[PDB]
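S.K.: I'd like to ask you about the structure that follows.
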Amino acid sequence: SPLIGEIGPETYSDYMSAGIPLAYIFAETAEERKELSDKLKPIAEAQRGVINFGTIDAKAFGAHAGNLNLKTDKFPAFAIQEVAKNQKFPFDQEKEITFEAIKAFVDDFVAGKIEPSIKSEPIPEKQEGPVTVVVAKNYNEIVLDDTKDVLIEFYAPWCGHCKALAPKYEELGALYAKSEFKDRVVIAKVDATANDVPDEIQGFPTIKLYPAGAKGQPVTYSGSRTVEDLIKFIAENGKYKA
């Protein structure tokens, strides 16, 4: 077979089972797949036996990008999968894919210089709006902040009751941002479909209170989902009985 093969249904399990890492090159047309194949060939050459490289059809399989912690719908892209440890190593998708760039990345991977990825939207540069936006990369900082009573909503964009709940959650945040409790209570949400989080979720929405000092016994709301019942909830279960 060709040095840089063709990652798809027939070849995948062979790729997985080979027991070495796999490097995906994502692209929407055959024409671009080739360009890049050739562009990267000398690196694949170097890494024989140590890393498999392959081309993947981003039209037919773009969805698989998310499995590598690459953004859906931003091609062409590149990422390396450590099969054994089940670790993902995406290559920034805003950066251009060039021999010199990839080679550095790869060398750094092989060097064990890169930290394994995580599903996260990027940390927002500003936290404006009354509801704090949690993404995977600040869940700890914000949700597990031991000094704050944290209310967190776990949502899915595509869920109906979540969108129904949205305005009232917004209202509940604006209310606490304007109260005497502003410094110690947090009203936050996270898109659980876009971010890896700790909590095991079963349906959307889900609301939990992580109280200050008891971030091991978070509390699952199962009330009416009205602004006042959720205030009652934070007061009744929060350290600061707000």
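Just so you know, the numbers here start at 1 and follow the chain as drawn.
According to its header, the structure was obtained by X-ray crystallography, 3.3 Å.
Cβ atoms here come from the backbone N, Cα and C positions, even for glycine.
These came from Swiss-Prot, pasted as-is:
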- 109-239: domain 'Thioredoxin 2' (DOMAIN)
- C159-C162: disulfide bond (DISULFID)
- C159: active site, nucleophile (ACT_SITE)
- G160: site 'Contributes to redox potential value' (SITE)
- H161: site 'Contributes to redox potential value' (SITE)
- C162: active site, nucleophile (ACT_SITE)
- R225: site 'Lowers pKa of C-terminal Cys of second active site' (SITE)
S.K.: On the DSSP side of things, how many residues of the domain 'Thioredoxin 2' (109-239) fall into helix, strand and coil, could you say?
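M.R.: So the domain 'Thioredoxin 2' (109-239) is made up of 39 helix, 23 strand, 69 coil.
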S.K.: Please report the distance from the Cα of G160 (site 'Contributes to redox potential value') to the Cα of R225 (site 'Lowers pKa of C-terminal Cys of second active site'), rounded to the nearest angstrom.
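M.R.: With distance taken Cα to Cα, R225 (site 'Lowers pKa of C-terminal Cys of second active site') is 14 Å from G160 (site 'Contributes to redox potential value').
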S.K.: Could you measure between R225 (site 'Lowers pKa of C-terminal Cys of second active site') and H161 (site 'Contributes to redox potential value') for me? Cα positions, answer in whole angstrom.
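M.R.: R225 (site 'Lowers pKa of C-terminal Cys of second active site') and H161 (site 'Contributes to redox potential value') have their Cα atoms 10 Å apart.
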S.K.: Under 8 Å between C-beta atoms and at least six apart in sequence, can you list the same-chain neighbours of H161 (site 'Contributes to redox potential value'), or say none if there are none?
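M.R.: In sequence order, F204, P205 meet the Cβ cut-off.
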S.K.: Would you count the other C-beta atoms found within 10 angstroms of the C-beta of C162 (disulfide bond) for me?
M.R.: 21
S.K.: Indicate the candidate from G160, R225 with the smallest number of other Cβ atoms within 10 Å of its Cβ, considering only these recorded sites.
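M.R.: Each of the recorded sites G160, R225 was scored by Cβ atoms within 10 Å; lowest is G160.
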S.K.: For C159 (disulfide bond), which residues in the same chain are close in space, meaning a Cβ under 8 Å from its Cβ, but six or more apart along the sequence?
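M.R.: Once residues fewer than 6 apart are set aside, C159 (disulfide bond) is near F204, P205.
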